[PDB]
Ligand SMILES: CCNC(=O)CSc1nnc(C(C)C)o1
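Presented below, as structure tokens, is a lone chain in the form deposited without this ligand.
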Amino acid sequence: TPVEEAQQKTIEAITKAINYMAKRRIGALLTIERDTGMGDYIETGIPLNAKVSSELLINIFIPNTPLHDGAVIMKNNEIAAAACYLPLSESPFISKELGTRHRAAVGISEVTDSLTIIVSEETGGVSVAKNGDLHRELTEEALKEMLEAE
């Protein structure tokens, strides 16, 4: 169906952008709103309400640019805003070598049903936060499986 084709196109755009950033070790933080509304966090960023593309996702996260600091939040198959604030987790069970991007992802996942993707600037490793847990060192296939399951 059209709804199904659109969801698959968005998954492909996300995974292509994540692969590019993982290869270049570009830090990234991408939260996908689900049933819990995240308007309060969307409002802290720069409004985009843009069509998803791998190109736009990559351009947003380039280091030392206006939009790269903070989270992209996606809602209703669009990029709602960039450079958004997310709350930092205080969980003592996050790997101690991880920094604020990962703590922000876990933090939003503690108070919403959202799915957040993180690319590490240190290693290019890809992780996902959901339900208060961080799933680390994902393969491309693992991330795709999580997006399709979501």
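Quick note: we count residues from 1 along the sequence shown, nothing fancier.
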For this session: Give the stretch, out of 125-133 and 6-14, with the larger mean C-alpha temperature factor in the deposited entry.
Result: 6-14
For this session: Would you mind comparing 54-62 and 92-100 for me and telling me which has the higher average C-alpha temperature factor in the entry?
Result: 92-100
Exercise. Based on the PDB record, which member of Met38, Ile26, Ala81, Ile108 exhibits the highest Cα temperature factor?
Worked result: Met38
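From this point on, the text means the form deposited with this ligand bound, which you will not see here.
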For this session: Would you mind fitting this ligand into the shown chain by superposing the local C-alphas on its pose in the deposited bound form and telling me if the pocket reads open or blocked at 2.4 Å from backbone or C-beta atoms, 3 atoms or more being blocked?
Result: open
Exercise. Would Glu97 count as touching this ligand in the deposited bound form under a 4.5 Å heavy atom rule?
Worked result: no
Problem set entry | Any non-hydrogen atom of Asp40 within 4.5 angstroms of this ligand in the deposited bound form | yes
Exercise. Across 83-115, which residues bring a heavy atom to within 4.5 Å of this ligand in the deposited bound form?
Worked result: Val111, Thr112
